[PDB]
Amino acid sequence: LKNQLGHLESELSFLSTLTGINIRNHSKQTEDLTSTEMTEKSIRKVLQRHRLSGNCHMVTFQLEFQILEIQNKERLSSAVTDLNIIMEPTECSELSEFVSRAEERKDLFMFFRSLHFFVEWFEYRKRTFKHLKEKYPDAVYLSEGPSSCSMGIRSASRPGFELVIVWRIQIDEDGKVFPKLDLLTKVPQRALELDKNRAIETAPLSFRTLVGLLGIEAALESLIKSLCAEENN
Amino acid sequence: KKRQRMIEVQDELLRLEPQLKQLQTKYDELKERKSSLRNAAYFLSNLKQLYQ
Amino acid sequence: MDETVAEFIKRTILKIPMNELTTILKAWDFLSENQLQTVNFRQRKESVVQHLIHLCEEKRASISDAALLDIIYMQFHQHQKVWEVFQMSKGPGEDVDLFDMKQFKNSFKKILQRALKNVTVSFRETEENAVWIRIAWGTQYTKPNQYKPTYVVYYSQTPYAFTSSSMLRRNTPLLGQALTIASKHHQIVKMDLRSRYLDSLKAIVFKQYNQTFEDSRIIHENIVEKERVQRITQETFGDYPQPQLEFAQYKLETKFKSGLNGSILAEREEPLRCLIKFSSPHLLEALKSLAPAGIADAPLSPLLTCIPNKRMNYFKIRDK
Amino acid sequence: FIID
Amino acid sequence: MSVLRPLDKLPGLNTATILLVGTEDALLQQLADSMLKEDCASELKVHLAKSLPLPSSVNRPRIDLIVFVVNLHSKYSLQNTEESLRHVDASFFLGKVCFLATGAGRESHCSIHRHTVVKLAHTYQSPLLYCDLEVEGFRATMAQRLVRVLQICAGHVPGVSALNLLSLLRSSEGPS
Amino acid sequence: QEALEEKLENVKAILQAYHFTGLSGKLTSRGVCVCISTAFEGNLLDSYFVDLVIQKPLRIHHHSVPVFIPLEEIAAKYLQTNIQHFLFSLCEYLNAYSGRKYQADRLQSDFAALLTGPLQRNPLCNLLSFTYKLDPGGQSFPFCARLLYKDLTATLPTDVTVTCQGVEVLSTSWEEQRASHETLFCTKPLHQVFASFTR
């Protein structure tokens with residue numbers, strides 16, 4: 001029984017790296033809802049309440065759902081009746097609107113595959129902002145750290161020219177998770193008459209064409225490096 | 001010999017469909033690539049001359 | 001009423017036995033059920049030919065109604081004809097396809113009435129949306145080939161098709177490209193695999209039927225030999241149910257080279273041409289019993305084990 | 001053993 | 001090493017054995033099961049072999065009898081037997097090697113000559129017997145016949161030795 | 001022994017819950033076999049098993065997924081550079097595949113008495129066609145709706161073309177009705193808009 005547990009823990013170690021979800025504790029509860037009316041082809045009602053206390057790669061979750069199973073001799077169906085999400089305050093605050101949508105839609109399989117895709121773009125963000133901070137420590141400053149809502153670049157000796165980059169995550173009803181890269185500029189009114197080519201009006205639309213052609217990280221490193229290296233003064 | 005003529009032009013009809021279909025999409029991509037690269041070279045030159 | 005299409009009505013009564021004669025006529029569902037119990041099925045078989053020909057006269061059957069009976073007769077009897085496979089290819093620059101059954105039945109009808117002037121086209125829709133197509137080939141003058149039909153099995157979403165071997169081989173590029181245009185594809189490849197069981201050829205290709213899981217006085221001294229000759233057959237074949245293939249032609253152009261003889265074909269540079277056919281039923285679980293019999297080697301050759309995997313049986317072998 |  | 005000798009170790013106390021050498025695994029198993037039906041006063045230990053030379057096992061007893069079950073419908077049982085009698089000693093051939101040619105009842109589908117196994121036994125000085133093991137009535141006559149050879153080769157009777165079995169099982173054509 | 005059997009049932013409660021999260025599977029000598037369970041609007045069904053090898057390169061042996069969707073071009077692209085992205089894409093393909101089959105079973109069970117004429121269904125359900133009748137003011141209106149899909153990874157429609165088989169020379173009620181069906185087919189699923197038709 002130490003050897004029969006020893007290959008099941010390898011199956012727990014394989015599915016924690018495959019599905020990305022480690023379940024810490026689980027409870028099993030059986031309640032019976034068998035009706036007391038006599039009829040032909042009698043239906044056994046199986047109500048199973050489960051508590052899923054597990055975590056993702058960085059965030060945790062808590063589930064409370066019951067499933068009413070319909071056992072009948074002609075057809076086989078089972079309906080998920082009640083959903084409940086017990087949430088904690090985390091380092092992201094834009095995923096709370098999906099909590100109210102999943103409670104109305106009552107599809108917990110949409111809740112499991114989209115929040116792992118939410119961390120899959122967020123673990124890309126932890127590898128990108130580690131690269132952007134340690135390479136340029138004097139120009140790229142992050143206000144809430146790498147778990148922020150937006151990032152900006154600020155020059156050291158030039159305190160008036162800034163460029164902020166907002167990276168939001170929106171989830172539609174098609175089951176996909178898509179980012180949205182938008183640019184906002186911080187230029188005061190003294191350089192408005194010094195610019196006559198009007199590139200600051202068409203500045204977010206030219207920034208999204210660098211995303212679809214060069215990439216996400218290749219567009220972010222092009223706005224940091226080409227803004228620099230003016231070493232005449 | 002006309003049914004053998006009809007079956008080979010129809011064989012040449014399916015021989016000529018997909019490679020001008022995929023080079024229509026590659027012409028649509030390369031026109032989208034050049035119009036994005038010229039608008040980004042106009043954008044990056046105007047932002048460095050704003051920086052000077 | 002034409003006589004030559006009425007000969008095909010009395011032929012299919014003669015080609016069915018009397019035990020499954022009630023199975024075909026209830027699935028044919030054109031006659032009402034009060035006339036089926038009126039005709040006595042326990043009498044002589046030539047009276048069944050005479051009684052059913054009055055029922056086909058007063059209900060005014062046509063050439064599509066008599067070919068509707070031919071599909072149901074060949075659905076429950078799939079053993080008389082072989083089935084070659086066709087492989088259609090998806091073109092580049094495509095992500096999704098547009099298929100419609102009303103768009104399929106007119107585009108396949110107009111592609112055969114344009115090429116030849118006498119082509120009989122009949123359709124039947126079955127379970128899980130499979131279209132069953134009869135083609136009767138007429139050349140330029142005669143009413144078409146009624147005694148020798150040609151069947152096309154198409155499952156309405158797959159690029160794989162099960163077409164029977166016709167006796168007119170000159171219309172076989174015409175039948176292949178006509179399925180290619182009406183199903184929105186651009187390339188037809190005749191893949192070389194054939195058998196007499198249509199239910200086993202949909203099990204070996206579609207791969208949805210192959211796996212169904214969720215005293216010390218008689219002691220051997222061959223401990224290292226006994227479970228070595230069966231461990232290869234369990235990790236490749238196993239005791240699981242397998243599809244049926246009864247034919248495999250092996251075209252060998254290989255040479256002869258061995259370490260035992262030093263004067264037998266030691267100067268030959270010419271290839272030794274061969275062709276090896278297998279003619280035995282259920283061959284995939286017939287070759288697994290030779291390895292515990294001791295008449296075959298426990299490193300079995302991969303040419304006999306890639307037959308459900310590589311999805312053909314015609315192989316061409318090159319060796320020095 | 002290749003198959004052409 | 002991988003050699004065979006009939007005299008290296010101790011036999012035991014009223015315990016003999018038999019080395020069934022053959023290629024068929026279902027045909028020699030029914031011969032091995034039928035020898036345990038006919039009871040005797042000795043413990044029988046049936047060994048099943050594929051082809052000589054055997055692997056080097058250390059839990060083997062002294063071997064009293066090696067039979068070579070060849071098939072008359074198979075050349076694979078003959079070509080393995082020709083490789084089997086190369087790694088043997090000459091002290092096996094003093095009345096301790098018997099032959100069995102199976103398939104002698106069917107003279108319509110036979111695949112090797114009857115004179116070939118006579119010439120194989122004449123130059124090697126071994127007795128040759130014919131039996132068909134497909135019949136259960138013929139197999140019990142065969143399973144009786146393996147016991148009374150094994151009573152001679154183990155030395156369970158007084159006065160009859162292993163080379164006395166070779167002199168009784170001689171075969172020679174008439175000189176006239 | 002009671003400490004190990006308590007820890008054995010704690011593994012058995014988590015491995016029961018791995019079927020409830022969508023993807024479960026045990027290890028095999030012949031690779032790994034992963035069962036994928038799909039659901040739509042709180043109603044689940046049977047699972048489909050996909051066998052995947054461990055050895056290099058990654059080859060496919062067998063799958064209980066039907067071949068109505070092409071699995072060859074997906075496994076040449078998504079299986080090569082990633083492992084968990086290929087399994088979570090096919091969990092979204094089969095939920096879109098069982099999401100279209102859930103709407104076809106409901107249409108032939110309860111709301112088949114409202115439709116007239118035969119139905120023509122493809123197993124991919126990329127193009128649907130059905131003709132129904134409603135009574136908004138006491139007159140039967142035969143409405144023929146064709147539902148074409150533009151995104152293969154979704155459940156909701158994109159291309160909605162609703163025509164009328166009967167008369168069309170009337171007031172502005174049917175033009176307001178045809179504008180009402182095109183908005184309630186794009187932003188509402190098909191089982192909830194049939195229950196609104198009885199309302």
# chains A, B, ... in the order shown; residues from 1 in each chain; ligands from 1

call {"tool": "residues_around", "arguments": {"residues": "residue 195 in chain F", "least_positions_apart": "4", "cutoff": "12 Å", "atoms": "only C-alpha atoms", "output": "VMD selection string"}}
result
chain F and resid 106 to 107 110 to 111 114 188 to 191 199

call {"tool": "closest_atom_pairs", "arguments": {"of": "chain B", "to": "chain C", "cutoff": "12 Å", "atoms": "only C-alpha atoms", "output": "JSON lines"}}
result
{"residue": "B:2", "atom": "CA", "partner": "C:115", "partner_atom": "CA", "distance": 10.5}
{"residue": "B:3", "atom": "CA", "partner": "C:115", "partner_atom": "CA", "distance": 7.8}
{"residue": "B:4", "atom": "CA", "partner": "C:174", "partner_atom": "CA", "distance": 10.0}
{"residue": "B:5", "atom": "CA", "partner": "C:115", "partner_atom": "CA", "distance": 11.7}
{"residue": "B:6", "atom": "CA", "partner": "C:115", "partner_atom": "CA", "distance": 8.6}
{"residue": "B:7", "atom": "CA", "partner": "C:174", "partner_atom": "CA", "distance": 7.2}
{"residue": "B:8", "atom": "CA", "partner": "C:173", "partner_atom": "CA", "distance": 10.0}
{"residue": "B:10", "atom": "CA", "partner": "C:177", "partner_atom": "CA", "distance": 8.7}
{"residue": "B:11", "atom": "CA", "partner": "C:177", "partner_atom": "CA", "distance": 8.3}
{"residue": "B:12", "atom": "CA", "partner": "C:186", "partner_atom": "CA", "distance": 11.2}
{"residue": "B:13", "atom": "CA", "partner": "C:186", "partner_atom": "CA", "distance": 9.6}
{"residue": "B:14", "atom": "CA", "partner": "C:186", "partner_atom": "CA", "distance": 6.0}
{"residue": "B:15", "atom": "CA", "partner": "C:186", "partner_atom": "CA", "distance": 8.3}
{"residue": "B:16", "atom": "CA", "partner": "C:186", "partner_atom": "CA", "distance": 9.9}
{"residue": "B:17", "atom": "CA", "partner": "C:186", "partner_atom": "CA", "distance": 7.9}
{"residue": "B:18", "atom": "CA", "partner": "C:91", "partner_atom": "CA", "distance": 6.7}
{"residue": "B:19", "atom": "CA", "partner": "C:92", "partner_atom": "CA", "distance": 8.4}
{"residue": "B:20", "atom": "CA", "partner": "C:93", "partner_atom": "CA", "distance": 10.7}
{"residue": "B:21", "atom": "CA", "partner": "C:93", "partner_atom": "CA", "distance": 7.5}
{"residue": "B:22", "atom": "CA", "partner": "C:93", "partner_atom": "CA", "distance": 5.9}
{"residue": "B:23", "atom": "CA", "partner": "C:93", "partner_atom": "CA", "distance": 9.5}
{"residue": "B:24", "atom": "CA", "partner": "C:93", "partner_atom": "CA", "distance": 9.8}
{"residue": "B:25", "atom": "CA", "partner": "C:93", "partner_atom": "CA", "distance": 7.7}
{"residue": "B:26", "atom": "CA", "partner": "C:93", "partner_atom": "CA", "distance": 9.7}

call {"tool": "write_last_selection", "arguments": {"atoms": "N, CA and C atoms", "output": "PDB file, in the first residue's frame"}}
result
ATOM      1  N   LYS B   2     -13.769  13.649 -77.216  1.00  0.00           N
ATOM      2  CA  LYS B   2     -14.238  14.885 -76.596  1.00  0.00           C
ATOM      3  C   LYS B   2     -14.544  14.700 -75.115  1.00  0.00           C
ATOM      4  N   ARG B   3     -14.932  13.489 -74.696  1.00  0.00           N
ATOM      5  CA  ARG B   3     -15.078  13.223 -73.266  1.00  0.00           C
ATOM      6  C   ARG B   3     -13.721  13.088 -72.588  1.00  0.00           C
ATOM      7  N   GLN B   4     -12.705  12.638 -73.330  1.00  0.00           N
ATOM      8  CA  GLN B   4     -11.345  12.679 -72.805  1.00  0.00           C
ATOM      9  C   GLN B   4     -10.789  14.095 -72.821  1.00  0.00           C
ATOM     10  N   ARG B   5     -11.286  14.947 -73.721  1.00  0.00           N
ATOM     11  CA  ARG B   5     -10.918  16.359 -73.701  1.00  0.00           C
ATOM     12  C   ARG B   5     -11.606  17.094 -72.557  1.00  0.00           C
ATOM     13  N   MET B   6     -12.852  16.718 -72.244  1.00  0.00           N
ATOM     14  CA  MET B   6     -13.618  17.398 -71.200  1.00  0.00           C
ATOM     15  C   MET B   6     -13.117  17.021 -69.808  1.00  0.00           C
ATOM     16  N   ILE B   7     -12.591  15.806 -69.657  1.00  0.00           N
ATOM     17  CA  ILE B   7     -12.158  15.354 -68.340  1.00  0.00           C
ATOM     18  C   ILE B   7     -10.751  15.884 -68.013  1.00  0.00           C
ATOM     19  N   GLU B   8     -10.006  16.390 -69.007  1.00  0.00           N
ATOM     20  CA  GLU B   8      -8.654  16.870 -68.724  1.00  0.00           C
ATOM     21  C   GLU B   8      -8.604  18.385 -68.546  1.00  0.00           C
ATOM     22  N   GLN B  10     -11.166  19.874 -67.108  1.00  0.00           N
ATOM     23  CA  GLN B  10     -11.687  19.843 -65.742  1.00  0.00           C
ATOM     24  C   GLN B  10     -10.613  19.400 -64.747  1.00  0.00           C
ATOM     25  N   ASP B  11      -9.684  18.545 -65.187  1.00  0.00           N
ATOM     26  CA  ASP B  11      -8.504  18.241 -64.382  1.00  0.00           C
ATOM     27  C   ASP B  11      -7.550  19.430 -64.345  1.00  0.00           C
ATOM     28  N   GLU B  12      -7.480  20.204 -65.434  1.00  0.00           N
ATOM     29  CA  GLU B  12      -6.708  21.444 -65.416  1.00  0.00           C
ATOM     30  C   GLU B  12      -7.476  22.590 -64.764  1.00  0.00           C
ATOM     31  N   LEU B  13      -8.788  22.436 -64.554  1.00  0.00           N
ATOM     32  CA  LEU B  13      -9.531  23.444 -63.802  1.00  0.00           C
ATOM     33  C   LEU B  13      -9.211  23.352 -62.316  1.00  0.00           C
ATOM     34  N   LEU B  14      -9.086  22.134 -61.785  1.00  0.00           N
ATOM     35  CA  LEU B  14      -8.731  21.974 -60.379  1.00  0.00           C
ATOM     36  C   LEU B  14      -7.226  22.073 -60.156  1.00  0.00           C
ATOM     37  N   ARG B  15      -6.435  22.018 -61.225  1.00  0.00           N
ATOM     38  CA  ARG B  15      -5.005  22.272 -61.173  1.00  0.00           C
ATOM     39  C   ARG B  15      -4.702  23.765 -61.068  1.00  0.00           C
ATOM     40  N   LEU B  16      -5.610  24.630 -61.527  1.00  0.00           N
ATOM     41  CA  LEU B  16      -5.373  26.067 -61.522  1.00  0.00           C
ATOM     42  C   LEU B  16      -6.119  26.835 -60.438  1.00  0.00           C
ATOM     43  N   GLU B  17      -7.001  26.186 -59.666  1.00  0.00           N
ATOM     44  CA  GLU B  17      -7.717  26.914 -58.613  1.00  0.00           C
ATOM     45  C   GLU B  17      -6.901  27.281 -57.360  1.00  0.00           C
ATOM     46  N   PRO B  18      -6.207  26.361 -56.627  1.00  0.00           N
ATOM     47  CA  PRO B  18      -5.773  26.758 -55.267  1.00  0.00           C
ATOM     48  C   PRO B  18      -4.515  27.617 -55.205  1.00  0.00           C
ATOM     49  N   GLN B  19      -3.646  27.588 -56.220  1.00  0.00           N
ATOM     50  CA  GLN B  19      -2.410  28.360 -56.117  1.00  0.00           C
ATOM     51  C   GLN B  19      -2.591  29.823 -56.504  1.00  0.00           C
ATOM     52  N   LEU B  20      -3.652  30.176 -57.231  1.00  0.00           N
ATOM     53  CA  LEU B  20      -4.013  31.586 -57.321  1.00  0.00           C
ATOM     54  C   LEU B  20      -4.992  31.995 -56.230  1.00  0.00           C
ATOM     55  N   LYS B  21      -5.498  31.035 -55.455  1.00  0.00           N
ATOM     56  CA  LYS B  21      -6.270  31.378 -54.266  1.00  0.00           C
ATOM     57  C   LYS B  21      -5.347  31.731 -53.109  1.00  0.00           C
ATOM     58  N   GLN B  22      -4.267  30.961 -52.929  1.00  0.00           N
ATOM     59  CA  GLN B  22      -3.345  31.236 -51.834  1.00  0.00           C
ATOM     60  C   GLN B  22      -2.407  32.394 -52.159  1.00  0.00           C
ATOM     61  N   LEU B  23      -2.189  32.692 -53.445  1.00  0.00           N
ATOM     62  CA  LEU B  23      -1.419  33.882 -53.798  1.00  0.00           C
ATOM     63  C   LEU B  23      -2.308  35.109 -53.939  1.00  0.00           C
ATOM     64  N   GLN B  24      -3.627  34.944 -53.817  1.00  0.00           N
ATOM     65  CA  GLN B  24      -4.492  36.099 -53.603  1.00  0.00           C
ATOM     66  C   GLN B  24      -4.460  36.522 -52.139  1.00  0.00           C
ATOM     67  N   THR B  25      -4.401  35.545 -51.228  1.00  0.00           N
ATOM     68  CA  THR B  25      -4.317  35.850 -49.803  1.00  0.00           C
ATOM     69  C   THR B  25      -2.922  36.324 -49.416  1.00  0.00           C
ATOM     70  N   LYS B  26      -1.889  35.853 -50.123  1.00  0.00           N
ATOM     71  CA  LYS B  26      -0.545  36.366 -49.877  1.00  0.00           C
ATOM     72  C   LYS B  26      -0.345  37.741 -50.499  1.00  0.00           C
TER      73      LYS B  26
END

call {"tool": "residues_around", "arguments": {"residues": "range 61-75 of chain E", "least_positions_apart": "2", "cutoff": "7 Å", "atoms": "only C-alpha atoms", "output": "VMD selection string"}}
result
chain E and resid 6 to 7 9 to 11 16 to 22 59 77 to 79 96 to 104 110 to 112 150 153 to 154

call {"tool": "write_last_selection", "arguments": {"atoms": "N, CA, C and O atoms", "output": "tab-separated table (two decimals), in the first residue's frame"}}
result
chain	number	residue	atom	x	y	z
E	6	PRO	N	24.73	-36.25	-19.18
E	6	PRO	CA	23.74	-36.94	-18.34
E	6	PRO	C	24.25	-37.29	-16.96
E	6	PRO	O	23.48	-37.85	-16.16
E	7	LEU	N	25.51	-37.00	-16.66
E	7	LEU	CA	26.12	-37.41	-15.40
E	7	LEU	C	27.05	-36.31	-14.88
E	7	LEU	O	28.25	-36.30	-15.18
E	9	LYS	N	25.69	-34.44	-11.63
E	9	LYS	CA	25.19	-34.28	-10.27
E	9	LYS	C	24.42	-35.54	-9.85
E	9	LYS	O	24.44	-36.57	-10.55
E	10	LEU	N	23.76	-35.47	-8.67
E	10	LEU	CA	22.96	-36.53	-8.07
E	10	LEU	C	21.55	-36.55	-8.65
E	10	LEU	O	20.99	-35.49	-8.97
E	11	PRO	N	20.96	-37.74	-8.86
E	11	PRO	CA	19.55	-37.81	-9.26
E	11	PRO	C	18.60	-37.43	-8.14
E	11	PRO	O	17.71	-36.59	-8.33
E	16	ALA	N	12.96	-39.15	-10.93
E	16	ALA	CA	13.53	-39.08	-12.27
E	16	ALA	C	12.88	-37.94	-13.04
E	16	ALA	O	11.97	-37.26	-12.54
E	17	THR	N	13.34	-37.72	-14.27
E	17	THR	CA	12.83	-36.61	-15.07
E	17	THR	C	12.87	-37.00	-16.54
E	17	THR	O	13.39	-38.05	-16.90
E	18	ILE	N	12.30	-36.13	-17.38
E	18	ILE	CA	12.27	-36.32	-18.83
E	18	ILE	C	12.33	-34.95	-19.49
E	18	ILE	O	11.68	-34.00	-19.04
E	19	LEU	N	13.17	-34.81	-20.52
E	19	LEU	CA	13.33	-33.55	-21.23
E	19	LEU	C	12.59	-33.64	-22.56
E	19	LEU	O	13.09	-34.17	-23.56
E	20	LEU	N	11.37	-33.11	-22.57
E	20	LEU	CA	10.56	-33.04	-23.78
E	20	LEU	C	11.07	-31.93	-24.70
E	20	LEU	O	10.89	-30.75	-24.42
E	21	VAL	N	11.70	-32.32	-25.81
E	21	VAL	CA	12.26	-31.38	-26.77
E	21	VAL	C	11.37	-31.36	-28.00
E	21	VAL	O	11.16	-32.39	-28.64
E	22	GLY	N	10.84	-30.18	-28.34
E	22	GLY	CA	9.99	-30.05	-29.50
E	22	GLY	C	9.72	-28.59	-29.80
E	22	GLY	O	10.07	-27.70	-29.02
E	59	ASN	N	19.23	-24.89	-11.11
E	59	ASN	CA	18.28	-25.71	-10.37
E	59	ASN	C	17.83	-26.94	-11.14
E	59	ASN	O	16.73	-27.45	-10.89
E	77	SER	N	10.70	-28.66	-37.23
E	77	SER	CA	11.00	-29.58	-36.14
E	77	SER	C	12.22	-30.44	-36.45
E	77	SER	O	12.84	-30.99	-35.53
E	78	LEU	N	12.58	-30.58	-37.73
E	78	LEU	CA	13.74	-31.38	-38.10
E	78	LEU	C	15.02	-30.54	-38.08
E	78	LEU	O	16.08	-31.03	-37.68
E	79	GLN	N	14.93	-29.28	-38.51
E	79	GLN	CA	16.12	-28.42	-38.59
E	79	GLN	C	16.56	-27.94	-37.21
E	79	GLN	O	17.74	-27.64	-37.00
E	96	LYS	N	19.78	-43.74	-24.00
E	96	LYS	CA	19.08	-42.69	-23.27
E	96	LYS	C	18.44	-41.64	-24.17
E	96	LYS	O	17.92	-40.64	-23.66
E	97	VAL	N	18.48	-41.82	-25.49
E	97	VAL	CA	17.86	-40.90	-26.44
E	97	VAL	C	16.83	-41.69	-27.25
E	97	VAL	O	17.18	-42.65	-27.94
E	98	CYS	N	15.57	-41.28	-27.15
E	98	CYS	CA	14.49	-41.86	-27.93
E	98	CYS	C	13.97	-40.81	-28.92
E	98	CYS	O	14.09	-39.61	-28.70
E	99	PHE	N	13.39	-41.29	-30.01
E	99	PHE	CA	12.83	-40.43	-31.04
E	99	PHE	C	11.33	-40.65	-31.16
E	99	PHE	O	10.83	-41.76	-30.94
E	100	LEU	N	10.62	-39.58	-31.51
E	100	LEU	CA	9.18	-39.63	-31.75
E	100	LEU	C	8.87	-38.82	-32.99
E	100	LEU	O	9.08	-37.60	-33.01
E	101	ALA	N	8.37	-39.49	-34.03
E	101	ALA	CA	7.96	-38.84	-35.27
E	101	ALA	C	6.43	-38.76	-35.29
E	101	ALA	O	5.76	-39.76	-35.54
E	102	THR	N	5.90	-37.57	-35.03
E	102	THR	CA	4.46	-37.35	-34.99
E	102	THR	C	3.94	-37.03	-36.39
E	102	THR	O	4.63	-36.42	-37.21
E	103	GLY	N	2.70	-37.45	-36.65
E	103	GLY	CA	2.12	-37.30	-37.96
E	103	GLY	C	2.26	-38.51	-38.85
E	103	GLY	O	2.18	-38.38	-40.08
E	104	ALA	N	2.47	-39.70	-38.28
E	104	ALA	CA	2.65	-40.91	-39.06
E	104	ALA	C	1.34	-41.54	-39.50
E	104	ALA	O	1.35	-42.39	-40.40
E	110	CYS	N	1.93	-35.44	-45.61
E	110	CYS	CA	3.21	-35.51	-44.91
E	110	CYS	C	4.26	-34.66	-45.62
E	110	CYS	O	4.23	-34.49	-46.84
E	111	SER	N	5.20	-34.12	-44.84
E	111	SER	CA	6.14	-33.13	-45.38
E	111	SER	C	7.61	-33.49	-45.24
E	111	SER	O	8.45	-32.65	-45.58
E	112	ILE	N	7.97	-34.68	-44.77
E	112	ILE	CA	9.35	-35.16	-44.80
E	112	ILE	C	9.29	-36.67	-45.04
E	112	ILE	O	8.25	-37.30	-44.84
E	150	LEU	N	11.47	-44.80	-18.92
E	150	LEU	CA	12.01	-44.02	-17.80
E	150	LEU	C	12.27	-44.89	-16.57
E	150	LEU	O	13.07	-44.51	-15.71
E	153	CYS	N	15.93	-46.13	-17.60
E	153	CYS	CA	16.98	-45.12	-17.61
E	153	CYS	C	17.26	-44.54	-16.22
E	153	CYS	O	18.34	-43.98	-16.01
E	154	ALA	N	16.33	-44.67	-15.28
E	154	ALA	CA	16.58	-44.29	-13.90
E	154	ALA	C	17.14	-45.43	-13.06
E	154	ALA	O	17.62	-45.19	-11.95

call {"tool": "residues_around", "arguments": {"residues": "residue 167 in chain F", "least_positions_apart": "4", "cutoff": "12 Å", "atoms": "only C-alpha atoms", "output": "ChimeraX atom specification"}}
result
/F:139-143,163,171,174

call {"tool": "select_by_dssp", "arguments": {"residues": "range 62-231 of chain A", "states": "alpha helix (DSSP H)", "output": "PyMOL selection string"}}
result
chain A and resi 97-105+108-135+203-214+216-220+222-225

call {"tool": "closest_residue", "arguments": {"among": "C:202, C:59, C:26, C:90", "to": "residue 69 in chain F", "atoms": "only C-alpha atoms"}}
result
C:90

call {"tool": "closest_atom_pairs", "arguments": {"of": "range 55-166 of chain E", "to": "range 170-176 of chain E", "cutoff": "10 Å", "atoms": "only C-alpha atoms", "output": "JSON lines"}}
result
{"residue": "E:118", "atom": "CA", "partner": "E:171", "partner_atom": "CA", "distance": 9.6}
{"residue": "E:121", "atom": "CA", "partner": "E:171", "partner_atom": "CA", "distance": 9.5}
{"residue": "E:122", "atom": "CA", "partner": "E:171", "partner_atom": "CA", "distance": 8.2}
{"residue": "E:125", "atom": "CA", "partner": "E:170", "partner_atom": "CA", "distance": 8.3}
{"residue": "E:126", "atom": "CA", "partner": "E:170", "partner_atom": "CA", "distance": 8.3}
{"residue": "E:127", "atom": "CA", "partner": "E:170", "partner_atom": "CA", "distance": 6.9}
{"residue": "E:128", "atom": "CA", "partner": "E:171", "partner_atom": "CA", "distance": 9.0}
{"residue": "E:165", "atom": "CA", "partner": "E:170", "partner_atom": "CA", "distance": 9.0}
{"residue": "E:166", "atom": "CA", "partner": "E:170", "partner_atom": "CA", "distance": 6.5}

call {"tool": "select_by_dssp", "arguments": {"residues": "range 94-169 of chain A", "states": "strand (DSSP E or B)", "output": "MDAnalysis selection string"}}
result
chainID A and resid 140:141 150:154 162:169

call {"tool": "write_last_selection", "arguments": {"atoms": "C-alpha atoms", "output": "compact mmCIF listing (two decimals), in the first residue's frame"}}
result
# COMPACT_ATOMS: atom_id res chain seq x y z
CA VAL A 140 10.93 51.60 -16.94
CA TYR A 141 9.11 52.08 -13.63
CA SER A 150 -0.83 49.33 -16.50
CA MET A 151 2.84 50.24 -16.92
CA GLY A 152 4.63 53.42 -17.96
CA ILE A 153 8.05 54.65 -19.04
CA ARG A 154 9.56 57.81 -17.50
CA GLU A 162 5.86 59.96 -20.33
CA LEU A 163 4.23 57.07 -22.19
CA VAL A 164 1.87 54.63 -20.45
CA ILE A 165 0.84 51.22 -21.81
CA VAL A 166 -2.44 49.65 -20.66
CA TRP A 167 -2.76 45.86 -20.97
CA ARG A 168 -6.28 44.68 -20.11
CA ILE A 169 -7.82 41.20 -20.32

call {"tool": "atom_distance", "arguments": {"atom1": "CA of residue 88 in chain E", "atom2": "CA of residue 5 in chain E"}}
result
7.2 Å

call {"tool": "interface_residues", "arguments": {"of": "chain B", "to": "chain A", "cutoff": "8 Å", "atoms": "only C-alpha atoms", "output": "list in words"}}
result
residues 33, 36, 39, 40, 43, 46, 47, 48, 50 and 51 of chain B

call {"tool": "write_last_selection", "arguments": {"atoms": "C-alpha atoms", "output": "PDB file, in the first residue's frame"}}
result
ATOM      1  CA  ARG B  33       2.226  44.362 -44.560  1.00  0.00           C
ATOM      2  CA  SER B  36       1.474  48.816 -42.003  1.00  0.00           C
ATOM      3  CA  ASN B  39       2.627  53.860 -41.588  1.00  0.00           C
ATOM      4  CA  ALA B  40       4.937  52.663 -38.795  1.00  0.00           C
ATOM      5  CA  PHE B  43       5.061  57.059 -37.015  1.00  0.00           C
ATOM      6  CA  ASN B  46       7.756  61.615 -36.339  1.00  0.00           C
ATOM      7  CA  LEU B  47       8.164  60.477 -32.721  1.00  0.00           C
ATOM      8  CA  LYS B  48      11.959  60.687 -32.808  1.00  0.00           C
ATOM      9  CA  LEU B  50       9.401  65.111 -31.639  1.00  0.00           C
ATOM     10  CA  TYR B  51      11.972  63.731 -29.171  1.00  0.00           C
TER      11      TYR B  51
END
